[PDB]
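Colleague: Mind looking over this structure? Questions follow.
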Amino acid sequence: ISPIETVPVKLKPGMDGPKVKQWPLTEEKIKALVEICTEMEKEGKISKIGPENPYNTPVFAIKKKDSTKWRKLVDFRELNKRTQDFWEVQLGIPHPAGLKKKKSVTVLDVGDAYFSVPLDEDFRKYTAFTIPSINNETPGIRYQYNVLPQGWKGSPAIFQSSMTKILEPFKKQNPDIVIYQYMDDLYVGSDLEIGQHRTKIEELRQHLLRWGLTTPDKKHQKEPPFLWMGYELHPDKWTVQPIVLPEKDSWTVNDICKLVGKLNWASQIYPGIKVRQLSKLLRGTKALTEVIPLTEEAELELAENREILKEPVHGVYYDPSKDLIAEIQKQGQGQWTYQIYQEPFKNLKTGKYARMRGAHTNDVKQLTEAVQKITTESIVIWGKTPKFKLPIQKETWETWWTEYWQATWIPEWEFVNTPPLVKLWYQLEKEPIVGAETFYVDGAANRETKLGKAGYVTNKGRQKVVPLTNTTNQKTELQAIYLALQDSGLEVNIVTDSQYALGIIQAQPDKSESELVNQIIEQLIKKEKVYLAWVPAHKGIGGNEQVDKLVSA
Amino acid sequence: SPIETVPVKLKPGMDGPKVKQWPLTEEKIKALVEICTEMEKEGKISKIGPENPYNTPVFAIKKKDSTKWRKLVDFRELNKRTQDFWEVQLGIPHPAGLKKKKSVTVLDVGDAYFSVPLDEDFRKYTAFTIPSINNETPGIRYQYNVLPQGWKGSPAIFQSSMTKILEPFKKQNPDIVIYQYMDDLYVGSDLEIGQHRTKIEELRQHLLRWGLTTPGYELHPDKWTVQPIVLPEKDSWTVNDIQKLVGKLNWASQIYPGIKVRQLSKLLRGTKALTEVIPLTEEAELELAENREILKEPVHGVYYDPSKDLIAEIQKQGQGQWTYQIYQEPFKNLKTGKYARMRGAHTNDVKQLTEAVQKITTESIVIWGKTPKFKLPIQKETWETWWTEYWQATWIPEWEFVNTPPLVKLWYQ
DNA sequence: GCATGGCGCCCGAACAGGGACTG
DNA sequence: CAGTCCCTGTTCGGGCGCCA
Ligand SMILES: Cc1cn([C@H]2C[C@H](N=[N+]=[N-])[C@@H](COP(=O)(O)OP(=O)(O)OP(=O)(O)OP(=O)(O)OC[C@H]3O[C@@H](n4cnc5c(N)ncnc54)[C@H](O)[C@@H]3O)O2)c(=O)[nH]c1=O
Ligand SMILES: [Mg+2]
Ligand SMILES: [Mg+2]
């Protein structure tokens with residue numbers, strides 16, 4: 001029974017305890033479960049309860065890593081609804097790439113960790129449960145937890161929290177030891193003599209026992225191939241644990257999830273990973289079991305990546321004396337890849353970034369987003385933002401940030417040549433083009449019928465109007481600009497009362513999710529001098545007027 | 001110091017703050033660790049567990065000439081929900097004279113609040129969590145035991161003591177104005193700059209007699225110009241120019257009702273060419289100048305309304321210039337300025353905007369003793385990533401992000 | 001009638017806000 | 001002026017990955 005002081009817990013005002021009945025279990029389960037409760041009973045983890053306790057919560061079991069034994073869980077879902085909130089302390093997950101090299105290293109793990117911290121007394125009642133007989137022919141036995149149960153939303157937090165308080169004393173008196181605690185999984189590293197270390201490890205392992213924390217000898221002792229957080233930490237490198245992709249003929253939705261999930265975990269270190277085609281399959285709303293025909297474009301990816309994982313890589317460690325560099329490359333349309341290293345090819349961590357934000361953007365923008373993403377992620381791992389090497393010319397960027405209306409910025413970065421390169425695919429003109437047919441575009445639709453017209457009317461005399469089906473006053477506006485762009489030469493002067501359209505265009509987008517806007521872009525690339533100007537909408541302006549009367553019959 | 005803590009009531013039915021903490025650079029994590037462990041020993045704060053559902057983010061900043069770091073908590077939230085308490089019940093008056101003084105300086109008396117203890121029940125709401133690099137460890141949680149800095153309540157509870165502390169100074173120098181905005185103290189006078197600085201220094205000492213550590217910076221409310229909109233002066237007018245012009249006039253027309261343009265409109269009549277030059281007609285010349293006069297005379301209908309939220313907009317110009325407008329309702333500007341190419345700021349659009357924002361927030365405090373809500377012209381993740389590296393004030397304004405291309409170029413610049 | 005906390009990625013629904021149009 | 005639309009951005013839930 002642990003001396004560690006318990007943490008006061010209450011339920012939400014007006015809510016009583018859980019009164020949900022136990023659902024029947026399987027023969028083997030009821031079998032293992034009773035072997036467990038018996039052992040907990042004696043140890044003092046749980047307690048046999050009288051009939052005066054009106055509560056109950058269904059319980060069940062699940063096999064562990066090597067499938068020797070079982071894990072007793074409790075479906076405290078109803079209890080989590082009623083119980084008080086907590087504020088979580090685990091803010092993130094440690095990364096091997098942020099690990100430093102150390103003379104000696106060890107990694108322990110507290111056995112049965114939850115079952116060694118005292119649950120607040122008053123709360124225990126609500127944690128009551130029942131275990132049936134073999135075939136439910138004799139009333140079962142009521143029990144309640146006196147320790148942290150598995151399935152209560154408060155556990156992980158209380159535990160993690162109680163653990164740091166126990167390690168606080170030891171960590172202060174040993175400022176020279178670095179310890180990474182994640183739940184009950186400890187990693188102790190030091191630059192102490194190989195033997196002195198083993199002494200601290202003993203001095204420590206014996207510190208937990210004093211606080212009730214067991215330390216089974218089943219732990220990485222002077223074992224270079226350390227298994228921490230699903231990684232293989234070697235003396236001067238680190239890798240991820242064997243990563244096996246699902247291999248099957250017919251794929252269901254869920255199957256693909258379980259496939260992309262893993263490929264992302266891979267991107268952490270395997271470079272060049274891409275999952276854009278693969279996930280596209282997940283569009284629309286579909287069931288986990290809905291079987292979906294693997295597409296052609298995705299078949300390329302699913303295979304491409306599979307070729308990448310065939311040839312294993314490894315990660316290196318970090319040292320504070322050298323700055324960090326993160327180089328990035330543009331992998332597909334919308335996709336990007338990046339690797340952070342401290343030396344030439346000495347990689348410390350790789351990564352993918354593929355969120356195509358917004359309806360319309362451009363490589364510069366999507367690039368800027370990636371730098372930001374990496375900048376942040378690196379501050380979490382190393383607490384300092386790294387140096388960049390980006391595939392974009394210094395003059396390109398400088399052309400963009402001065403012209404763009406939003407404030408924008410990229411930290412310390414040098415150039416790197418590796419196609420494809422980022423660049424603006426065109427540039428509207430600052431001043432009107434001399435000696436050029438000027439198009440006065442506009443359009444409109446009757447939002448009540450979806451019918452609509454789009455057209456232009458030039459100074460030279462040109463003129464046209466096109467009827468449209470299923471369109472809106474905004475789309476129309478665009479459509480119109482499309483026409484004026486087609487029916488023009490390499491130099492053009494277009495004018496519109498469309499703040500919307502003008503909005504998109506000026507941002508120099510090079511990709512979009514809009515058919516129409518994709519075509520406009522394409523056409524804009526083909527010209528040599530474009531110039532769009534804006535005028536008030538239903539003013540009597542010169543040319544606008546006319547096209548207006550035309551488009552709205 | 002055993003004292004009777006004023007009870008802090010909360011907005012009825014208000015849930016305390018629950019904000020996640022954000023990543024922190026190594027240098028500012030180690031600064032925060034140091035800062036907090038001494039605060040823990042000095043008893044200002046107390047360690048706590050995960051049983052306290054609340055939370056507010058923390059970070060830290062190093063200001064000008066101060067090598068010592070300063071802790072800063074974003075009680076931006078806990079302030080919106082305790083507003084009843086500090087604006088109504090224990091409100092503190094705003095002198096409308098300060099905006100008129102020849103010189104004003106800002107002192108950091110925030111330290112002084114650490115003296116008074118905080119009401120036991122309200123402590124759980126000031127909870128904060130310190131992160132660890134590479135998540136070597138879970139978050140360490142702390143809560144305040146004394147008036148913290150950053151909460152709008154603190155300067156409201158300490159007003160009684162402040163009145164006193166400053167009573168003898170207001171007597172000997174009945175011609176200076178003191179205003180207390182949160183962690184700040186704003187002292188304004190019409191004295192000459194060299195002696196003004198000394199009155200500030202006799203005041204700093206005056207605060208020393210009670211134990212308050214008061215660690216281009218002087219302000220000048222009289223030198224702040226509300227620069228208006230102006231129309232260009234061209235020799236020959238192109239069709240394009242006359243267009244853009246109307247574009248602006250029709251727009252600026254929502255401001256003043258007098259601007260007419262129907263006379264400048266008849267000029268474009270008929271699909272012409274953009275580069276086509278057009279003779280400057282007299283029907284226009286009259287009305288053009290006619291409008292040019294309306295835009296000089298100050299807009300009629302301006303008025304401040306304490307009962308309404310203040311709003312600031314900034315436009316990015318280029319070459320380091322920025323323009324802003326503070327208002328409560330569309331087209332009824334209270335003031336509009338033009339932040340210039342700050343001599344010393346790097347070519348960092350974000351570092352610049354960050355600076356502009358703090359100027360506005362400051363001007364805003366002096367003029368109406370209230371902070372504005374900003375409409376920043378930058379993308380959230382872009383700003384969210386670097387705004388803290390450049391911040392140097394002790395308060396944080398409520399901002400929202402907006403993206404809106406430039407119609408009629410920028411009428412304001 | 002098959003649990004909990006954390007972080008990541010990806011997709012979509014719900015929601016909010018500004019400009020243009022409509023009666 | 002107030003009520004509809006359309007377009008768009010931001011938030012939050014659910015599912016998978018990985019850890020405990
Ligand atoms: C996996 C899991 C964890 N948890 C919560 C509650 C749980 N505490 N408890 N009880 C705590 C830690 O779980 P852990 O898996 O460490 O088990 P626990 O702390 O319960 O006890 P113990 O560690 O003794 O677990 P066993 O399954 O009995 O032993 C397996 C352990 O032995 C070590 N081990 C065995 N063989 C080796 C080897 N060759 N090399 C290195 N380590 C080894 C290894 O760390 C593994 O966890 O996280 C949860 O809520 N749900 C889950 O599904
Ligand atoms: Mg364990
Ligand atoms: Mg129109």
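How things are named: the first chain in the structure tokens is A, the next is B, and so on; residues count from 1 in each chain; ligands count from 1 in the order shown.
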What residues have any atom no more than 7 Å from ligand 3 when counting only C-alpha atoms (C1' of nucleotides) and all ligand atoms, and can you list them as a list in words?

Modeller: residues 442, 443, 444, 497, 537, 538 and 548 of chain A

Colleague: If you run DSSP on this backbone, which residues of stretch 176-423 of chain A come out as helix (DSSP H, G or I), and could you give them as a VMD selection string?

Modeller: chain A and resid 194 to 209 253 to 267 276 to 280 296 to 308 363 to 381 394 to 403

Colleague: Please indicate the distance in Å from atom CA of residue B:332 to atom CA of residue B:311, rounded to one decimal place.

Modeller: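 Distance between the two atoms: 11.1 Å.
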
Colleague: Near stretch 294-299 of chain B, within 10 Å and counting only C-alpha atoms (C1' of nucleotides), which residues show up once chain neighbours fewer than 3 positions away are dropped, as a PyMOL selection string?

Modeller: chain B and resi 226-231+252+255-259+289-291+302+331-334

Colleague: Go ahead and save the picked residues with C-alpha atoms, as a CSV table (one decimal), in the first residue's frame.

Modeller:
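The resulting selection.csv:
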```csv
chain,number,residue,atom,x,y,z
B,226,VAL,CA,-4.2,61.6,-37.4
B,227,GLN,CA,-3.1,61.6,-41.1
B,228,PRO,CA,-6.1,61.6,-43.5
B,229,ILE,CA,-6.7,60.4,-47.0
B,230,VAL,CA,-5.5,62.4,-50.0
B,231,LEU,CA,-6.0,62.4,-53.8
B,252,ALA,CA,-14.4,57.3,-49.5
B,255,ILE,CA,-17.2,58.2,-45.0
B,256,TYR,CA,-18.4,61.7,-46.0
B,257,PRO,CA,-21.8,62.0,-47.8
B,258,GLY,CA,-20.7,65.2,-49.7
B,259,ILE,CA,-18.3,63.7,-52.2
B,289,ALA,CA,-11.2,70.2,-56.1
B,290,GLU,CA,-14.7,70.4,-54.6
B,291,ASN,CA,-14.1,66.9,-53.2
B,302,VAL,CA,-16.9,61.1,-34.5
B,331,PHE,CA,-16.6,54.4,-41.4
B,332,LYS,CA,-16.6,56.4,-38.1
B,333,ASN,CA,-12.9,56.4,-37.4
B,334,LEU,CA,-11.7,57.8,-34.1
```

Colleague: Enumerate the residues of stretch 101-201 of chain B with a DSSP assignment of strand (DSSP E), computed from the backbone, and present them as a PyMOL selection string.

Modeller: chain B and resi 103-108+128-130+140-144+177-179+184-189

Colleague: Counting only C-alpha atoms (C1' of nucleotides), which residues of chain B sit at most 10 Å from some atom of chain D, and what is each one's closest atom pair with its distance in Å to one decimal, listed by chain and rising residue number, as JSON lines?

Modeller:
```
{"residue": "B:380", "atom": "CA", "partner": "D:10", "partner_atom": "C1'", "distance": 9.9}
{"residue": "B:401", "atom": "CA", "partner": "D:9", "partner_atom": "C1'", "distance": 9.8}
{"residue": "B:402", "atom": "CA", "partner": "D:9", "partner_atom": "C1'", "distance": 9.3}
{"residue": "B:403", "atom": "CA", "partner": "D:9", "partner_atom": "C1'", "distance": 9.6}
```

Colleague: Go ahead and save the residues from that selection, with C-alpha atoms, as a short mmCIF file (atom, residue, chain, number, x, y, z; two decimals), in the first residue's frame.

Modeller:
```
data_model
loop_
_atom_site.label_atom_id
_atom_site.label_comp_id
_atom_site.auth_asym_id
_atom_site.auth_seq_id
_atom_site.Cartn_x
_atom_site.Cartn_y
_atom_site.Cartn_z
CA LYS B 380 -2.58 32.92 -38.42
CA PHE B 401 -6.82 37.30 -38.57
CA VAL B 402 -8.12 38.72 -41.79
CA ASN B 403 -7.08 38.48 -45.42
#
```

Colleague: When you look at stretch 8-14 of chain C with a cut-off of 9 Å (counting only C-alpha atoms (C1' of nucleotides)), what residues show up, excluding the ones that are within fewer than 2 positions of it in the same chain? I need them as JSON, numbers by chain.

Modeller: {"A": [260, 261, 264, 265, 279, 282, 283, 284, 285, 355], "D": [12, 16, 17, 18]}

Colleague: For the residues selected in the previous step, produce a file with C-alpha atoms (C1' of nucleotides) as an mmCIF file, in the first residue's frame.

Modeller:
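This went into selection22.cif:
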```
data_model
loop_
_atom_site.group_PDB
_atom_site.id
_atom_site.type_symbol
_atom_site.label_atom_id
_atom_site.label_comp_id
_atom_site.auth_asym_id
_atom_site.auth_seq_id
_atom_site.Cartn_x
_atom_site.Cartn_y
_atom_site.Cartn_z
ATOM 1 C CA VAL A 260 -1.380 5.345 -44.502
ATOM 2 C CA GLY A 261 -1.133 5.572 -40.728
ATOM 3 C CA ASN A 264 3.302 8.430 -41.976
ATOM 4 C CA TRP A 265 5.088 6.872 -39.029
ATOM 5 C CA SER A 279 -5.678 8.988 -49.015
ATOM 6 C CA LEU A 282 -10.711 8.009 -48.470
ATOM 7 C CA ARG A 283 -12.693 10.962 -49.823
ATOM 8 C CA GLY A 284 -16.477 11.000 -49.357
ATOM 9 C CA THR A 285 -17.902 9.336 -46.258
ATOM 10 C CA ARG A 355 -1.691 20.095 -46.305
ATOM 11 C "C1'" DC D 12 -13.642 20.087 -33.791
ATOM 12 C "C1'" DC D 16 -5.858 5.074 -38.317
ATOM 13 C "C1'" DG D 17 -0.688 5.263 -37.006
ATOM 14 C "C1'" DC D 18 2.832 5.232 -32.780
#
```

Colleague: Identify which of the residues A:522, A:377, A:307, A:109 lies closest to chain C, counting only C-alpha atoms (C1' of nucleotides) when measuring atom-to-atom distances.

Modeller: A:377

Colleague: Counting only C-alpha atoms (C1' of nucleotides), collect the residues of chain A whose closest atom lies at most 9 Å from chain D, and write them out as a list in words.

Modeller: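 My answer is residues 93, 156, 182, 183, 184, 185, 229, 230, 254, 256, 257, 258, 259, 260, 261, 262, 263, 264, 265, 288, 358, 359, 447, 472, 473 and 474 of chain A.
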
Colleague: Go ahead and compute the interatomic distance for atom CA of residue B:68 and atom CA of residue B:149, in Å to one decimal.

Modeller: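 According to the coordinates, atom CA of residue B:68 and atom CA of residue B:149 are separated by 16.5 Å.
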
Colleague: Can you work out which residues are within 8 Å of ligand 1, considering only C-alpha atoms (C1' of nucleotides) and all ligand atoms, and then hand them over as a count of residues only?

Modeller: 30

Colleague: Starting from chain A, keep only residues with some atom at most 6 Å from an atom of chain C, counting only C-alpha atoms (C1' of nucleotides), and report them as number ranges by chain.

Modeller: A: 23, 73-75, 90, 92-93, 151-153, 156

Colleague: Enumerate as a PyMOL selection string the residues belonging to chain A that approach chain B to within 7 Å, with only C-alpha atoms taken into account.

Modeller: chain A and resi 9+85-95+98+157-158+161+180-181+372+379-384+402+405-409+432+434+438+458-459+503+535-536+540-543

Colleague: Output N, CA and C atoms for every residue in the selection just made, as a CSV table (one decimal), in the first residue's frame.

Modeller:
```csv
chain,number,residue,atom,x,y,z
A,9,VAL,N,-10.4,13.7,-5.8
A,9,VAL,CA,-11.2,13.8,-7.0
A,9,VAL,C,-12.7,13.8,-6.7
A,85,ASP,N,-13.4,16.9,-14.6
A,85,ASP,CA,-12.4,17.1,-15.7
A,85,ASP,C,-11.0,17.0,-15.0
A,86,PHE,N,-10.0,16.8,-15.9
A,86,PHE,CA,-8.6,17.0,-15.5
A,86,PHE,C,-7.9,17.9,-16.6
A,87,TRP,N,-6.7,18.4,-16.2
A,87,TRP,CA,-5.9,19.0,-17.2
A,87,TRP,C,-4.7,18.1,-17.4
A,88,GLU,N,-4.5,17.7,-18.6
A,88,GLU,CA,-3.4,16.7,-18.9
A,88,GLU,C,-2.0,17.3,-18.8
A,89,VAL,N,-1.1,16.6,-18.3
A,89,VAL,CA,0.3,17.0,-18.2
A,89,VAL,C,1.1,16.6,-19.4
A,90,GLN,N,1.0,15.4,-19.9
A,90,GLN,CA,1.8,14.9,-21.1
A,90,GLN,C,1.5,15.9,-22.2
A,91,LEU,N,2.4,16.7,-22.6
A,91,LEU,CA,2.2,17.7,-23.6
A,91,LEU,C,2.6,17.2,-25.0
A,92,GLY,N,3.4,16.2,-25.0
A,92,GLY,CA,3.9,15.7,-26.3
A,92,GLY,C,4.7,14.4,-26.2
A,93,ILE,N,5.4,14.0,-27.2
A,93,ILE,CA,6.1,12.7,-27.2
A,93,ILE,C,7.6,12.9,-27.5
A,94,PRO,N,8.4,12.3,-26.7
A,94,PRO,CA,9.9,12.4,-26.9
A,94,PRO,C,10.4,11.9,-28.2
A,95,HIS,N,11.4,12.4,-28.8
A,95,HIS,CA,11.9,11.9,-30.0
A,95,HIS,C,13.4,11.6,-30.0
A,98,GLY,N,16.2,14.0,-30.7
A,98,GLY,CA,16.5,15.0,-29.8
A,98,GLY,C,17.3,14.5,-28.7
A,157,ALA,N,-3.1,10.8,-16.2
A,157,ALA,CA,-2.7,12.0,-15.7
A,157,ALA,C,-2.2,11.9,-14.2
A,158,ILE,N,-3.0,11.3,-13.4
A,158,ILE,CA,-2.5,11.2,-12.0
A,158,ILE,C,-1.2,10.5,-11.9
A,161,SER,N,1.8,12.3,-13.3
A,161,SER,CA,2.0,13.4,-12.3
A,161,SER,C,2.6,13.0,-11.0
A,180,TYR,N,14.4,10.4,-19.0
A,180,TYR,CA,13.2,10.6,-19.8
A,180,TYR,C,12.1,9.7,-19.3
A,181,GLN,N,11.1,10.3,-18.6
A,181,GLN,CA,10.0,9.5,-18.2
A,181,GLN,C,8.8,9.7,-19.0
A,372,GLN,N,7.3,26.9,-41.6
A,372,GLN,CA,6.6,27.2,-40.4
A,372,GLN,C,6.4,25.9,-39.6
A,379,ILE,N,11.4,23.3,-32.8
A,379,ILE,CA,11.5,24.0,-31.5
A,379,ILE,C,11.0,23.0,-30.3
A,380,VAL,N,10.1,22.1,-30.7
A,380,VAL,CA,9.7,21.2,-29.7
A,380,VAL,C,10.8,20.2,-29.4
A,381,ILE,N,11.4,19.7,-30.5
A,381,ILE,CA,12.5,18.7,-30.2
A,381,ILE,C,13.7,19.3,-29.7
A,382,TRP,N,14.2,20.4,-30.3
A,382,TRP,CA,15.4,21.0,-29.9
A,382,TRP,C,15.3,22.3,-29.2
A,383,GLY,N,14.2,22.9,-29.2
A,383,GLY,CA,14.0,24.2,-28.6
A,383,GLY,C,14.8,25.4,-29.2
A,384,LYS,N,15.1,25.2,-30.5
A,384,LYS,CA,15.7,26.3,-31.2
A,384,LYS,C,15.3,26.1,-32.7
A,402,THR,N,7.4,41.5,-51.1
A,402,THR,CA,7.3,42.9,-51.2
A,402,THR,C,5.9,43.2,-51.9
A,405,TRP,N,0.2,41.4,-50.1
A,405,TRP,CA,-0.4,42.3,-49.1
A,405,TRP,C,-0.3,41.8,-47.7
A,406,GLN,N,-0.1,40.6,-47.5
A,406,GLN,CA,0.0,40.0,-46.1
A,406,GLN,C,1.4,40.1,-45.7
A,407,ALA,N,1.6,40.2,-44.4
A,407,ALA,CA,3.0,40.2,-43.9
A,407,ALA,C,3.5,38.8,-43.9
A,408,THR,N,4.7,38.6,-44.4
A,408,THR,CA,5.1,37.2,-44.5
A,408,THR,C,6.6,37.2,-44.2
A,409,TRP,N,7.1,36.0,-43.8
A,409,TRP,CA,8.5,35.9,-43.5
A,409,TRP,C,9.1,34.5,-43.4
A,432,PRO,N,-1.0,50.0,-66.6
A,432,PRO,CA,-1.7,49.6,-67.8
A,432,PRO,C,-0.8,49.5,-69.1
A,434,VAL,N,0.3,49.8,-72.8
A,434,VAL,CA,0.1,50.7,-73.9
A,434,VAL,C,0.0,49.9,-75.2
A,438,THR,N,-8.3,46.4,-74.8
A,438,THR,CA,-8.7,46.4,-73.4
A,438,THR,C,-10.1,45.7,-73.3
A,458,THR,N,-14.8,44.9,-75.9
A,458,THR,CA,-13.5,45.7,-76.0
A,458,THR,C,-13.7,47.1,-76.6
A,459,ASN,N,-12.6,47.9,-76.5
A,459,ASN,CA,-12.6,49.2,-77.1
A,459,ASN,C,-12.5,49.1,-78.6
A,503,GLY,N,-9.7,39.4,-56.3
A,503,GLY,CA,-9.0,38.9,-55.1
A,503,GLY,C,-8.1,37.7,-55.4
A,535,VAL,N,-13.1,48.5,-60.9
A,535,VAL,CA,-14.0,49.7,-60.9
A,535,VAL,C,-15.3,49.4,-60.1
A,536,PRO,N,-15.8,50.5,-59.5
A,536,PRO,CA,-17.1,50.4,-58.8
A,536,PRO,C,-18.2,49.7,-59.6
A,540,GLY,N,-21.8,54.4,-63.0
A,540,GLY,CA,-22.0,54.6,-64.4
A,540,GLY,C,-20.8,54.6,-65.2
A,541,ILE,N,-19.7,54.1,-64.6
A,541,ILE,CA,-18.4,54.0,-65.2
A,541,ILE,C,-18.6,53.8,-66.7
A,542,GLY,N,-17.5,54.1,-67.5
A,542,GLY,CA,-17.5,54.0,-68.9
A,542,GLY,C,-17.9,52.7,-69.7
A,543,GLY,N,-17.0,51.7,-69.6
A,543,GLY,CA,-17.2,50.5,-70.3
A,543,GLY,C,-18.0,49.4,-69.5
```

Colleague: Between atom CA of residue A:141 and atom CA of residue A:25, measure the distance and give it in Å to one decimal.

Modeller: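 Interatomic distance here is 14.8 Å.
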
Colleague: Quick one: residues within 8 Å of stretch 200-203 of chain B, only C-alpha atoms (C1' of nucleotides), excluding same-chain residues fewer than 2 positions away - as a tab-separated table (two decimals) with N, CA, C and O atoms, in the first residue's frame?

Modeller:
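So result02.tsv came out as:
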```
chain	number	residue	atom	x	y	z
B	105	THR	N	5.61	58.82	-19.75
B	105	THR	CA	6.52	57.69	-19.71
B	105	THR	C	5.86	56.51	-19.01
B	105	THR	O	4.99	56.67	-18.15
B	169	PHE	N	2.83	62.21	-3.61
B	169	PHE	CA	3.49	62.61	-4.85
B	169	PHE	C	2.57	63.46	-5.70
B	169	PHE	O	3.03	64.30	-6.46
B	187	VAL	N	2.85	58.07	-16.53
B	187	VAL	CA	3.02	59.36	-15.85
B	187	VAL	C	3.20	60.41	-16.92
B	187	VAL	O	4.14	60.33	-17.73
B	196	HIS	N	11.38	66.59	-16.63
B	196	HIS	CA	10.29	65.59	-16.65
B	196	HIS	C	10.93	64.29	-16.15
B	196	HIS	O	10.46	63.66	-15.20
B	197	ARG	N	12.04	63.91	-16.81
B	197	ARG	CA	12.82	62.71	-16.50
B	197	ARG	C	13.24	62.61	-15.05
B	197	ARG	O	13.47	61.52	-14.53
B	198	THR	N	13.35	63.76	-14.41
B	198	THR	CA	13.78	63.79	-13.02
B	198	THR	C	12.56	63.55	-12.15
B	198	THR	O	12.67	62.89	-11.13
B	205	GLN	N	11.90	56.63	-6.98
B	205	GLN	CA	12.45	56.55	-5.64
B	205	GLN	C	11.30	56.42	-4.65
B	205	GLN	O	11.32	55.61	-3.74
B	206	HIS	N	10.28	57.25	-4.86
B	206	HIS	CA	9.09	57.28	-4.01
B	206	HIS	C	8.50	55.89	-3.88
B	206	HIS	O	7.93	55.55	-2.86
B	207	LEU	N	8.63	55.11	-4.94
B	207	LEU	CA	8.12	53.75	-4.96
B	207	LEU	C	9.13	52.82	-4.27
B	207	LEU	O	8.80	51.74	-3.79
```

Colleague: Which residues, written as a PyMOL selection string, have at least one atom at most 9 Å from residue A:516, with only C-alpha atoms (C1' of nucleotides) counted and residues fewer than 5 positions away on the same chain left out?

Modeller: chain A and resi 475+478-479+482+521

Colleague: Do a neighbour search on residue A:132 at 9 Å with only C-alpha atoms (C1' of nucleotides), toss out local chain neighbours closer than 2 positions, and write the hits as a list in words.

Modeller: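 Near neighbours after the sequence-gap exclusion: residues 22, 24, 25, 30, 34, 130, 134, 135, 136, 137, 138, 139, 140 and 141 of chain A.
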